[PDB]
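**Student:**
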Amino acid sequence: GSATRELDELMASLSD
Amino acid sequence: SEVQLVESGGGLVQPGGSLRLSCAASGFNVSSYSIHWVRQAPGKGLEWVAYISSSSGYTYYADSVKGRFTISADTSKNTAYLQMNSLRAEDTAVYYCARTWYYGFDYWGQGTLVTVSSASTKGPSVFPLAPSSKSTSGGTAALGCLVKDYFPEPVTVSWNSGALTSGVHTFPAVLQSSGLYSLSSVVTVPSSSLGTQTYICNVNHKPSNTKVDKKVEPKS
Amino acid sequence: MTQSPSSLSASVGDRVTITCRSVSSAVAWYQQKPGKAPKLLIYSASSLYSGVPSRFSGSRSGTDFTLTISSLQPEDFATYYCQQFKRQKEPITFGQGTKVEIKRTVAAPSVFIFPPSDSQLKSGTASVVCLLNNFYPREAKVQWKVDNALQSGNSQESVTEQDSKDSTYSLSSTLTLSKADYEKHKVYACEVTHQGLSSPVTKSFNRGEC
């Protein structure tokens, strides 16, 4: 839930 | 234990071939936590290789596997998968799946060994490592067995059917240039016992359904 | 890329601080023991994972992330890994492993040499094995001689994990020759050099006597 959010947002934000 | 990750689908494959690993999750929903695959070559470090959010569908791969591996999930079976195509020798490793926990991976599966080789499954030849006859009455002697030319890992070695355990060293296998493995198992015993006690190594190679007992006796 | 773990010797009770070797947003720390899955110690730089002992702590200073074990116990000797998270490729990377091993008093190896079996010789190959038993520290030099010619490139070594009871290592070196080559020579010797030996120890046999 909130446990997965930070890493998921990190991964989704990647551009290179 | 309440959360668990159970892997399967590993084992043997040839360069250029394909395997599919599974990661069955229990105690949590795959749509609530992202999942990763991580691998480790024998004697080497951990290498992160892929990531999936099951809810969003977002996937990411390490460049070392990009274009060759596909990560996916079936939320109805609560299982993640790693499809591995165009496999190479260097993909040989223990593959783990693991769950996201803030900045960290909390739960890890047990690992499944993937061996990418052109070798076919073959039982070991077992040879005695005979104790030095120049020991002799005292004090400490060594003896062993050489377990040679087998594929794949692992082999187990016991001594005197498990009755002898003190002083036993079974070494990590080395991969020979033939693509076959080889290891030694040794044990130290009193030198006085060399004439009075039989020593037998019991070598089991489960992948080939081979089991060899070898009597190891002095020179003399 | 990737590679073997580096080594750190420490005594029970010692304090250890490992530094995680492109700046990272967060770091996680793991402990792993042979044949086991990694175990999470610290997540998000400084949070102790549920059930991990309080002697384990994590900290950030500037761009440097550390894990500290305040006082080592036997069960803490293992390989440690930092995991970097960053907003750039590769986004998740495990650092090189750091294998914390037990510092023990120096102990010289017992050395034994083994000729090839007659049964192996039937198959056209001779394997000669030299055993270094229960020594510390791990670092040892094994040099093969055949009729006093120093060998290189025809042997392979293997070393055990540090023994759980006495904290020593053991090592096998296997010299492999063809039957033909084995039979062209007399004296087979294994010379061992180690911190616990004041001068090198040689074990040998002569073909046809043993």
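Residue numbers (this note's numbering), protein chains in the order written: chain Y, 6 to 21; chain S, 537 to 756; chain V, 278 to 487. Even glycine gets a Cβ: it sits at the ideal position worked out from N, Cα and C.
1. Is there a Cβ of chain Y sitting closer than 8 Å to that of residue 615 of chain S, yes or no?
2. Residues of chain S with CB closer than 7 Å to the CB of residue 23 of chain Y, please, in chain order.
3. Looking at residue 678 of chain S: is its Cβ nearer than 8 Å to the Cβ of residue 425 of chain V?
4. Say whether the segment 302-315 of chain V touches the segment 356-367 of chain V, bearing in mind that this needs 3 or more beta-carbon pairs closer than 8 Å, one atom from each stretch.
5. Using a Cβ cut-off of 9 Å, pull out every chain S residue sitting near residue 432 of chain V, in sequence order please.
6. Leaving out five residues on either side along the sequence, give the residues of the same chain with a beta carbon under 6 Å from the beta carbon of residue 418 of chain V.
7. Excluding five sequence neighbours on each side, which residues of the same chain lie with their C-beta closer than 7 Å to the C-beta of residue 727 of chain S?
8. Skipping 5 residues on each side, what residues in its chain have a beta carbon closer than 8 Å to that of residue 325 of chain V?
9. Do residue 295 of chain V and residue 370 of chain V have their C-beta atoms closer together than 8 Å?
10. Where does residue 9 of chain Y sit, in a helix, a strand or coil, going by DSSP?
11. I'd like the ranges of any beta strand (DSSP E) spanning at least 3 consecutive residues and lying wholly in the segment 430-460 of chain V.
12. Determine the chain S residues that contact residue 387 of chain V at a beta-carbon separation under 9 Å, and present them in chain order.
13. Nearest-angstrom Cα distance between residue 341 of chain V and residue 298 of chain V?
14. Specify whether the segment 382-394 of chain V and the segment 339-355 of chain V touch according to this definition: at least 3 beta carbon pairs, one from each stretch, less than 8 Å apart.
15. Tell me which residue opens and which closes the alpha helix (DSSP H) that residue 395 of chain V is part of.
16. Could you name the residues of chain Y that residue 637 of chain S contacts, counting a contact when the two beta carbons are closer than 9 Å?
17. For residue 427 of chain V, is the classification buried or exposed, using 16 other Cβ atoms within 10 angstroms of its Cβ as the cut-off for buried?
18. Who are the neighbours of residue 410 of chain V on chain S, taking C-beta pairs under 8 Å?
19. Since residue 632 of chain S and residue 573 of chain S should fall inside the 8 Å C-beta cutoff, what is the C-beta to C-beta distance between them, to a whole number of angstroms?
20. May I ask you to report which of helix, strand or coil DSSP gives residue 626 of chain S?
21. Pairs of beta-carbons, one from the segment 394-402 of chain V and one from the segment 434-446 of chain V, closer than 8 Å: are there three or more?
22. Can you name the residues that DSSP bridges to residue 584 of chain S?
23. Nearest chain V C-beta to residue 743 of chain S closer than 8 Å, yes or no?
24. Assuming residue 743 of chain S and residue 688 of chain S form a contact by the criterion Cβ under 8 Å, report the distance between their Cβ atoms to the nearest whole angstrom.
25. With DSSP as the reference, please indicate the residues paired to residue 358 of chain V in a beta bridge.
26. Is the CB of residue 596 of chain S under 8 Å away from at least one CB in chain Y?
27. What are the start and end residues of the beta strand (DSSP E) that includes residue 617 of chain S?
28. Can you round the beta-carbon distance between residue 620 of chain S and residue 627 of chain S to whole angstroms, since I take them to be within the 8 Å contact cut?
29. Rounded to whole angstroms, what's the CA-CA distance from residue 420 of chain V to residue 581 of chain S? Just pull it up for me.
30. Do you know offhand how far residue 356 of chain V's Cα is from residue 613 of chain S's?
31. Round the Cβ separation of residue 422 of chain V and residue 287 of chain V to the nearest angstrom and send it over; I've been treating them as touching at under 8 Å.
32. Would you list the one or two residues that DSSP bridges to residue 726 of chain S?
33. From the DSSP secondary-structure annotation, give me the bridge partner or partners of residue 493 of chain V.
34. Here's the rule: buried if 16 or more other CB atoms are within 10 angstroms of the residue's CB, otherwise exposed. What is residue 16 of chain Y?
35. Show which residues of chain C have a CB atom less than 8 Å away from the CB atom of residue 365 of chain V.
36. Quick check on the burial criterion: 16 or more other C-beta atoms within 10 angstroms. Buried or exposed for residue 457 of chain V?
**Tutor:** So, to answer that:
1. Mapped onto the second sequence, residue 615 of chain S falls at position 79. Judged by the 8 Å Cβ criterion, residue 615 of chain S is not in contact with chain Y.
2. With chain Y covering only 6 through 21, there is no way to say anything about residue 23 of chain Y.
3. If you number the second sequence from 1, residue 678 of chain S lands on position 142. If you number the third sequence from 1, residue 425 of chain V lands on position 148. Not closer than 8 Å, so no.
4. yes
5. As a working mapping, residue 432 of chain V is identified with position 155 in the third sequence. Going along chain S, no residue has its Cβ under 9 Å from residue 432 of chain V, so there is no contact; the nearest lies around 10 Å.
6. Start at 1 with the first residue of the third sequence, and residue 418 of chain V comes out as number 141. Answer for residue 418 of chain V: 470, listed in chain order.
7. The count along the second sequence starts at 1 and reaches residue 727 of chain S at position 191. Contacts found: 671, 672, 673, 674, 675, 676, 677.
8. Counting from 1 along the third sequence, the entry for residue 325 of chain V is found at position 48. So the list reads 318, 319, 331, 333, 334, 335, once near-sequence residues are dropped.
9. Start at 1 with the first residue of the third sequence, and residue 295 of chain V comes out as number 18. Start at 1 with the first residue of the third sequence, and residue 370 of chain V comes out as number 93. Going by C-beta atoms, residue 295 of chain V is not nearer than 8 Å to residue 370 of chain V.
10. Here residue 9 of chain Y refers to the residue found at position 4 when the first sequence is read from its first residue. In the structure shown, residue 9 of chain Y sits in a helix (DSSP, three-state: H, G or I).
11. 432-436, 446-455
12. For this step, residue 387 of chain V is matched to residue 110 along the third sequence. By Cβ distance, chain S contributes 676, 678, 724.
13. Numbered from 1 along the third sequence, position 64 holds the residue referred to as residue 341 of chain V. Numbered from 1 along the third sequence, position 21 holds the residue referred to as residue 298 of chain V. Each residue's Cα considered, the two are about 8 Å apart.
14. no
15. Position 118 of the third sequence, counting from 1, holds the residue named residue 395 of chain V. 395-399 is the extent of the alpha helix (DSSP H) around residue 395 of chain V.
16. Position 101 of the second sequence, counted from the start, is the residue given in the question as residue 637 of chain S. 8, 9, 12, listed in chain order.
17. Along the third sequence, read from residue 1 onward, the residue named residue 427 of chain V stands at position 150. Exposed, since its Cβ has fewer than 16 Cβ neighbours within 10 Å.
18. In the third sequence, counting from the first residue as 1, residue 410 of chain V sits at position 133. The contacting residues are 678, 705, 722, 724.
19. Counted from its first residue, the second sequence places residue 632 of chain S at position 96. Counted from its first residue, the second sequence places residue 573 of chain S at position 37. 7 Å between Cβ atoms; contact.
20. Here residue 626 of chain S corresponds to residue number 90 of the second sequence, with the count starting at 1. Of the three classes helix, strand and coil, the one that applies to residue 626 of chain S here is helix, per DSSP.
21. no
22. Mapped onto the second sequence, residue 584 of chain S falls at position 48. Answer by DSSP bridge pairing, in chain order: S/574.
23. Residue 743 of chain S sits at position 207 when you count from the first residue of the second sequence. No, residue 743 of chain S lies away from the interface with chain V (no Cβ there is under 8 Å from its Cβ).
24. Position 207 of the second sequence, counted from the first residue, corresponds to residue 743 of chain S. Position 152 of the second sequence, counted from the first residue, corresponds to residue 688 of chain S. Between residue 688 of chain S and residue 743 of chain S the Cβ distance is about 6 Å, and since that is below 8 Å, they are a contact.
25. One-based indexing of the third sequence puts residue 358 of chain V at position 81. DSSP lists V/307 as partners of residue 358 of chain V.
26. As a first step, residue 596 of chain S is located in the second sequence; it is residue number 60 there, counting from the start. Judged by the 8 Å Cβ criterion, residue 596 of chain S is in contact with chain Y.
27. Taking the second sequence and counting its residues from 1, one reaches residue 617 of chain S at position 81. Residue 617 of chain S -> beta strand (DSSP E) spans 615-620.
28. Here residue 620 of chain S is taken as the residue at index 84 of the second sequence, counted from 1. Here residue 627 of chain S is taken as the residue at index 91 of the second sequence, counted from 1. Residue 620 of chain S to residue 627 of chain S, Cβ: 7 Å. Contact.
29. For this step, residue 420 of chain V is matched to residue 143 along the third sequence. For this step, residue 581 of chain S is matched to residue 45 along the second sequence. Those two C-alpha atoms are separated by around 29 Å.
30. Within the third sequence, numbered from 1, the residue matching residue 356 of chain V stands at position 79. Within the second sequence, numbered from 1, the residue matching residue 613 of chain S stands at position 77. For residue 356 of chain V and residue 613 of chain S, the distance between alpha carbons rounds to 34 Å.
31. By 1-based counting over the third sequence, the position of residue 422 of chain V is 145. By 1-based counting over the third sequence, the position of residue 287 of chain V is 10. Rounded, the Cβ-Cβ distance is 37 Å, inconsistent with contact.
32. Along the second sequence, read from residue 1 onward, the residue named residue 726 of chain S stands at position 190. Residue 726 of chain S is bridged to S/676.
33. The requested residue 493 of chain V does not occur in the structure, where chain V is confined to residues 278 to 487.
34. As a first step, residue 16 of chain Y must be located in the first sequence, where it is residue number 11. Under this definition residue 16 of chain Y is a buried residue.
35. In the displayed structure, chain C is absent; the protein chains listed are Y, S and V.
36. On the third sequence, residue 457 of chain V is found 180 positions in, with the first residue counted as 1. By the neighbour-count rule (16 or more Cβ atoms within 10 Å), residue 457 of chain V is not buried but exposed.
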